[PDB]
Every structure is written in C-alpha cells, then in structure tokens.
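Here's a solo chain for you in structure tokens, the form deposited in one PDB entry.
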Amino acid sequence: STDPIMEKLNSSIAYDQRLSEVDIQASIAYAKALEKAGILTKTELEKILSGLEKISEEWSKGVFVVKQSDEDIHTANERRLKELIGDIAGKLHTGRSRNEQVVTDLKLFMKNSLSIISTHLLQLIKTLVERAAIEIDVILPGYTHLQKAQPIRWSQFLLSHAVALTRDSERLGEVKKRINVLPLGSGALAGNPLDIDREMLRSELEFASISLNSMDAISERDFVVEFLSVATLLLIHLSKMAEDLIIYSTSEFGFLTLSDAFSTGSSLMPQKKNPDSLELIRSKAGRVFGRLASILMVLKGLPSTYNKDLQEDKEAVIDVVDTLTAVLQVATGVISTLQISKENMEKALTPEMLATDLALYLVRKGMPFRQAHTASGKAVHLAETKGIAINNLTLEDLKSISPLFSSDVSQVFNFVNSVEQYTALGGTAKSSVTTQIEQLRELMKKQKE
C-alpha cells in the first residue's frame, strides 16, 4: 500500500546497516531483561539469543540479505529473527519502541566511534608535539594580518595547533559523557510498562547511567548536535592549519613542501605538485558544518515527543564520523612527513620584524613606549626611504631620531635574542616551548585515560 516513492524516501537501511551490530547487542540485552521480567522463559531466551547471535554472524560475514520491506536496520533484524525461530521472535518486541532502539543504537555506535576518533586525534597532537620537540631551534616569521609581525619559533607554531586540537579532544570527552546515558527502556515516550530492569540493561550495554525522563530520552538529539558541533570546531582548527601549510607550501613563501604521498600532480601541467591532502581537509570543514546546520534545522520548532523528522540524524552522524576518521589520519601523515626548509625559514627573518624590540630598547633607556614606538617607526621609514633594511642604518642615523640610541643597539638585531625575550609562560622563548611540550605530553596522558 505504501507509495513506492515515499517508501524509498523513508528507507534508512542503506546507511543504517552500520548499526547492525549494536542493534543485535541492544536486542540481546533487552532479551535478557525480558526473561528476568517474566516475559520469556529461559528456554525461549536461549532460542532468542542464539538466533540473534546468528544474525550478528550474517552481518559480520557480509552475507545478511536485505529485503524490500526492510525500511531500517531494526526492521531487518526483527524480520530475520522471526524467519529463524518463528513466533518466539515476536515476544522480544514487548514494551519496546523503535523510538528508543533508534537512539540506543546510535549512542552505542557513537561511543565506539568516539574511541577511534580519540585515538587518531591524540596521535595527531602527539605528532605535532614530538616534531615541535625535534625542531625546537628553528625560527621563522610570525604573522598577524598575513603581514610579518615578530619572529617566533616553528615549534611555537606547531604547538598553537596542538593546543587547540587538545581542547577539541577535551570537548570530545565531555560529549562522550552525555552520550553514555542509556535511553533504552523509554518505550515510545511513556517509559517501560514491565518494570524492566534498566540498571541490568545499563551495565550489560556498558552505559554510565540511565535516562531520567522517557519523553526527553525519545525526543532529544542533543548528543547528535553536540557531536556535530565539536566535530565542526575541530574541523575549523584543521582548516586554519591547512590554510597555513598551503600558504607556506607556496613557492613565494617556500617554508615547506609536503611529501609525495600527500600531494598529486596535474594531468595537464607537468610541473605541478599540489597539496591536495590539505585542501581536501580544509573543504571538509564546510561538509561537517553543513551536517550540523541540517540537524539544528531539523530539530528547531518540532513538537514533543518523537517525530519522523528525527530520522535524518543517522546519516549525518555516520558521515561526520567517517570524515573525522579519514581527516585526522591524513592530517597526521602530512605533519609527520612534510619537509621544512630551515634555510628559507631563516632567510625570511628580516629586520623590520624587530621594530618592536627596537622600541623596547628605548623604553629600557627611559623613554615611554608611545614615544619609543614612533621613534622606531621613523627608523623603519628612514630605512625604507633609503632603500635599506633598518639594521643597516648608521648609529648617527639612529641618533638623528633619538640620541638615546647607543652603539649597543646592535644587540637588538639578533633573532635568537628576539624570540628569547619571551620566557613568560606561553611565549616563544625556548624554555617556554619546552615547558609547553611537557604540559601537552601530560595533557595527552590524561586525555588517553
């Protein structure tokens, strides 16, 4: 009777086959609770768990056969169990609703997915932290407005990304905690009428706790929005790092080149070596953001309790989980195999970036910063008008700006001296970077457990 086109638009089995195992696992747990509730005889339970375990095997062996009438994974497994053991299968449905199987399964899938994602995320952070430890002596320009600002260590750069990524890791753990709440036993919205043992369900399925209200457990998708939100910000961080590496990979900047494994050429232009890995990653930010936008829209203005609209969550979660997994591993390969050009990073170190240091120089000699700033500004301009860099002005030139300049300004013109000024926690001085590295190694240790 169902209109074929609507039935097709209604089918979620194509993607939600990814929930085949957690669905059996959840059915198994419920079968045991039903036996304890007196709905199944221990003899029936056996037939049921045996059938379910068999269906699990069919899916893992890639031999399960999806039929036309299967509008979703839940309907598939129920059909299969019935054709295996008959009428007994039908007892498993007692007090159970699809509205609760759907969030229970997706949460089970998400818990497993987060572990994998976490593992990869931590490996990415580690890769950045460990390379930062190895390349701690490298100094290059730091930018604001994409204009050379003040010199910083390449390790300080790798660590800013590592640090941001660590907050992503942290948010990921917080979301996992609310994901880890058992919704099974909420029924279609009013709860379970059998005095089902929810605690037994909880430990069996390995959730940290149970849902507090049946109407909310079945209507909410905060856990989907949260996931999508944190994943989006994680992607945002990756788009910024991509933007950085792609620009630094240009021939104009020349700071680095990715490995051949993470680049591709051009079937038309023979000279090309393109940073595809990073561009792909940068574009995924939009992809994941679209998933977040869609779910927020799907939810807005919907009435309590369950609504068929909610079915759009599955595909969005699965797609973002797969994007993360791929994106994180690729990012790792890139960071660990890319080749920096210590020579070019060094050449890019030009005197004008030391203009702030030149002003502090005068400040140390007594001049108030505002004046010191304008004086340093003049030297920058004098050198420009003269067609040279500031370190090439003469001492009398500096005196023409302020007699406060003494022969010892020569010490201002030393990049190692520049970065080494920033010892206060968080700065780019080498001792601060080593401190950060240690802090991050600890943070990771704690994130892992």
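Numbers follow the displayed sequence, beginning with 1.
Keep in mind the form deposited in another entry is missing from the figure; the text below concerns it.
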(Q) Rigid-part assignment between the shown form and the other one: does residue 343 fall in the same part as residue 438? (A) yes
Q.
What direction does the residue 387-residue 251 Cα distance move in the other entry compared with the shown chain, closer or farther, given a change of 3 Å or more?
A. farther
Q.
Comparing against this form, do residue 343 and residue 272 have their CA atoms pulled together or pushed apart in the other entry? The difference is 3 Å or more.
A. closer
